[PDB]
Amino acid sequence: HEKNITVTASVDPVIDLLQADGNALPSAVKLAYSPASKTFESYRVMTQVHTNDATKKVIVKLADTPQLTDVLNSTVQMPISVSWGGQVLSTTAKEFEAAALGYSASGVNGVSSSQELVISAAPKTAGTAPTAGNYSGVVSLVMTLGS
């Protein structure tokens, strides 16, 4: 008998990012919004940075400023709030020192300590209900070593 399963993977051998539990991060995520609290439940996940060189510092920024755009109207865009490892993420690059990442402290050689990843969004005129419908965008992730 035959059951079929697609296997895909995403290699990169200088530096990558996976969840603490070793599985790959997903390729997409659905955020929720609450009528009662008028806000969006965020998305938390734990990640360990892998690398071939732990000695390097690590700088972070979004390839471009993240938004959830109405899929039937471009003019409607509620901004996306990104946060990694206690630090807010934007175009304005943030630097992450190796010793501040706790490399020894975890894992087999190279792997870092778990860092929190949060993604969320808020209405631009926060507190006034957003317009109904579906929304979408891409949070893109830029991180290099050596500043």
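One rule holds for the numbers: they count along the sequence shown, beginning at 1.
Comparing the deposited coordinates for 52-60 and 78-86, the stretch with the larger average C-alpha B-factor is 52-60.
Higher mean CA temperature factor between 64-72 and 99-107: 99-107, per the PDB entry. Across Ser114, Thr92, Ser27, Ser34, the greatest Cα temperature factor reported in the deposited entry is at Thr92. Taking only the listed residues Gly127, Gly22, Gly133, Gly137, the entry reports the highest CA temperature factor at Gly127. When all modelled residues of the chain are sorted by CA temperature factor, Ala9 is found within the lowest third.
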